[PDB]
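# Observations on the model geometry
Okay, here's what each chain looks like letter by letter:
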Amino acid sequence: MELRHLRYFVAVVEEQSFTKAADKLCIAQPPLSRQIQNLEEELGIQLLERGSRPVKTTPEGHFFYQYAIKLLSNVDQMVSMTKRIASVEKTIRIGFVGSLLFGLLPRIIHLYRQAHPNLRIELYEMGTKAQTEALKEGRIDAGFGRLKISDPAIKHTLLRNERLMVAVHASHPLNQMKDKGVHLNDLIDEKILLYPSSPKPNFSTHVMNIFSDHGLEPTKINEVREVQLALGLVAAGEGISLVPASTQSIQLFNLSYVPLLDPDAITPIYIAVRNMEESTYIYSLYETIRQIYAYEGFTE
Amino acid sequence: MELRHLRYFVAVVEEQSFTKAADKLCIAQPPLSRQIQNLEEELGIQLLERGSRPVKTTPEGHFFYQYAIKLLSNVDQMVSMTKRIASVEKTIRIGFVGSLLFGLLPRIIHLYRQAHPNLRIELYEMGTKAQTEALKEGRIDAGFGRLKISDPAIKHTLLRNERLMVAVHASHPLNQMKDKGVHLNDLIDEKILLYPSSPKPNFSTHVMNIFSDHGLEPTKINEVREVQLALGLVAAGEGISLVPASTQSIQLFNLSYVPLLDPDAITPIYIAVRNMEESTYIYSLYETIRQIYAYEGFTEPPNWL
Ligand SMILES: [Cl-]
Ligand SMILES: [Cl-]
């Protein structure tokens, strides 16, 4: 078949008539019907319900239609992307901490891909310290993390203040405050599961920092390997855990998330680049972030 | 006898029923009638003509009733009167951490004082944790500190972000950077003097928080008793220290204060009050803070009114 067949079919489904679609396609109705008849026989499948006056699709017709608008949209994308390629083949390398996979970062990267069709993008999971060294050595070009950096060779900027939340078993008394929220102070005597167990500093450093900023130091603490351990163990009755809000991407039976009322019970997200960085590719990454944030209704 | 006896008797006389009086006093019938009996047997006279409904007094009981209600009334007046002659002098109690003595706090208090000449102002040196408990128990009315509070019964408000500075001996290599400043990262392998040694959390807890916020954990740390010890030992060649910028009120020979380039190398100042605080005395304290800040060229903290 040809793209003509797909375009002819889609117009008929959208206009809901053989003659009405012919007007927008600028052709006569007899040959338009033949093409669709030729498409159906070439497929050996009935796509349109015959013979409806306001034409309706069959089960396979509806399926083929949704596929077709997507395939024809890909052609449009192909053409548009080809005309905006960078002549010199570039690679951009991005470091990130694992917790960022649960929020906006992936769709930011995906959007970034589309802005530079021929750009090779390499993604590396690394902590903040590793990010700092990699940047200075030029092994990454941007790092996304949750900790501030002290280093004259690095420029870090606050992107957003994500809220912290408490993961609890549904039967925990604190789950009564699911819609109201609680204070860090309410958590002082709980069994608290910190994570990950990876090289420090990491997210568990931050959580304990947050308690410490409020004059608090929990003593019933257990460090577990990764987020899923923390949440799985909470779901199994082992205690509670503090998580970034986006970790709600994980929902488990009898696991519940409770908001925190302390204004500074937060986990900031930063972008780190080299101090003297001015690559258009990195400015473009910043704008992609801004684009996504705007769609989400963020400032900040 | 006790006042209880009088209240029980008065109730039976006034209701003319042991049941109606029992339901008025929120007690069972038996104790009511036994207690009156104890009174009657103690005084040696019959006060009530029991057996007859409605319940009425003897001649003796009728007289006793009149003295009893007056006596009970007199007791209530005694208590009310005693509450009246209790001190009319208003006292405001203010908690603060010692490091704030080097900055704007004393002049804020002095100005506050001038605004309220008949007010007793009491000042107590205490840490954020003790402040929090003192506020909840009403032992202070406002607390000034350098740490956030997590307690639903307390409201804390950021007043200003004070810069941290590095205190060094004048011959330290870091002091070659006095004009430009240095980074927290530059201090990681130095001998750092933390203070004070008073109950945690305190200023040393905050300094190490600042480091930890920036992924740093200095290992050459020595806790000393007080700020002057820290600065004195620096001046003596024992290491370096991190101080609030206002601590520059203390100047020692060959002691040099070096700026930090990290934007978040700061030590915030907070006022803490009870969650539902609305006393004009405290609003006035708060306005005094804003007036002093405006005079100093500091950004004013947000409006109360
Ligand atoms: Cl996010
Ligand atoms: Cl000050």
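Residues numbered from 1 in each chain as written, not as in the entry; some residues may be left out. Chains lettered and ligands numbered in written order. Heavy atoms only, no water.

X-ray crystallography is the method the PDB entry states for this structure, with the resolution given as 2.290 Å.

### Comments concerning the UniProt feature "binding site: cis,cis-muconate" in chain B
Residue and element names in this part refer to chain B. As annotated in UniProt, the feature "binding site: cis,cis-muconate" corresponds to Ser99, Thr128 and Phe203 in the numbering used here. Spatial clustering of the annotated residues is evident: they stretch over 105 residues in sequence, but the largest pairwise C-alpha distance comes to 12.2 Å. Secondary-structure assignment places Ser99 in the loop between strand 3 (91–96) and helix 5 (105–115). The exposure class assigned to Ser99 is buried, which follows from its relative accessible area of 13%. Apart from the residues within four sequence positions on either side, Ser99 is in contact with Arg146 and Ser246. With respect to the helices, strands and loops of the structure, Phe203 is situated in helix 7 (residues 203–213). The residues contacting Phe203, other than those within four sequence positions of it, are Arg146, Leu164, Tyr195, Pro196, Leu242, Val243, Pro244 and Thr267. (UniProt positions renumbered as here; feature names shortened; annotations may be inferred. Helix = DSSP H or I, 4+ residues; strand = E, 2+ residues; numbered from the N terminus. Buried < 20%, exposed > 50% of the residue type's maximum accessible area, 1.4 Å probe, protein only. Contact = heavy atoms within 4.5 Å.)

### Quick look at the interface of chain B and chain A
Each partner contributes residues to the interface: chain B has 20 residues there, and chain A has 20 residues. Buried area between chain B and chain A, both sides added, is near 1700 Å², and the carbon and sulfur share of it is 45%. At the junction of chain B with chain A, the criterion picks out two salt bridges. Across the salt bridge formed by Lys148 of chain B and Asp264 of chain A, the nearest N and O atoms sit 2.9 Å from each other. At the junction of chain B and chain A, the tally comes to 15 residue pairs in polar contact. Of the residues forming the side of chain B that touches chain A, the biggest block, four residues, is contributed by helix 7 of chain B. Of the residues that constitute the side of chain B that touches chain A, the class distribution is six nonpolar, eight polar and six charged. (Buried area = accessible area lost by both parts, 1.4 Å probe. Salt bridge = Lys/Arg side-chain N within 4 Å of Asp/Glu carboxyl O. Polar contact = N/O pair within 3.5 Å; in protein donor to acceptor, adjacent residues only side chain to side chain. Nonpolar A, V, L, I, M, F, W, Y, C, P; charged D, E, K, R; others polar.)

### Quick notes on the UniProt feature "domain: HTH lysR-type" in chain B
Summarizing the sequence annotation, UniProt attributes the feature "domain: HTH lysR-type" to residues 1–58 of chain B in the numbering used throughout. In residues 1–58 of chain B, the share of helix is 62% and the share of strand is 7%. The end C-alpha atoms are 19 Å apart.

### Points about unusual backbone geometry
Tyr195 of chain A connects to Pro196 of chain A through a cis peptide bond whose omega is -5°. Positionally, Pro196 of chain A belongs in the loop between strand 5 (192–194) and helix 7 (203–213). The peptide bond linking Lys200 of chain A to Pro201 of chain A adopts the cis configuration, its omega dihedral lying at 5°. Within the secondary structure, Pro201 of chain A sits in the loop between strand 5 and helix 7. Look at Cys26 of chain B: it is not a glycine, yet its phi comes out positive at around 60°. With respect to the helices and strands, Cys26 of chain B occurs in the loop between helix 2 (18–25) and helix 3 (29–43). Overall, the relative accessible area of 72% leaves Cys26 of chain B in the exposed class. Positive phi outside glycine occurs at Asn254 of chain B, with the angle close to 60°. Mapped onto the elements of the fold, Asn254 of chain B is located in the loop between strand 9 (240–244) and strand 10 (255–259).

### Topic: the pairing of strand 11 (residues 266–274) of chain B
Residues and elements named next belong to chain B. Counted residue by residue, strand 11 has eight buried out of nine residues, so it is predominantly covered. Bridge analysis of strand 5 (residues 142–145) against strand 11 gives three bridges, and the strand direction is antiparallel. In the strand pairing of strand 11, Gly145 is matched with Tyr270. Here strand 6 (residues 154–169) pairs with strand 11 via nine bridges, running antiparallel. Within strand 11, the residue paired with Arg160 across the bridge is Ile269. (Pairing = 2+ DSSP bridges.)

### A short note on the environment of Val12 of chain A
Residue and element names in this part refer to chain A. Along the chain, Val12 falls in helix 1 (residues 3–15). In this structure the C-alpha to C-alpha distance between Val12 and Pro117, which are 105 residues apart in sequence, comes to 33 Å. Residues within four places of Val12 in sequence aside, it is in contact with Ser17, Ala21, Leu32, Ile36, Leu48 and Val55.

### A closer look at the nonpolar core
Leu187, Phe211, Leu242 and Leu260 of chain B are the most contacted members of the largest nonpolar core, which has 35 residues in total. Mapped by element, the contributors of at least two residues to this core are strand 6, strand 7 (192–194), helix 7, helix 8 (227–235), strand 9 and strand 10 of chain B. (Core = buried A, V, L, I, M, F, W, Y, C linked by side-chain atoms within 4.5 Å.)

### Description of the environment of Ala167 of chain B
All names here are of chain B. Relative to the helices and strands, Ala167 is located in strand 6. The spacing of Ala167 and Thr82 is 85 residues in sequence and 57 Å in space, taken between C-alpha atoms. The residues contacting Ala167, other than those within four sequence positions of it, are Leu231, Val234, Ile240, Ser241, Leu255, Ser256 and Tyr257.

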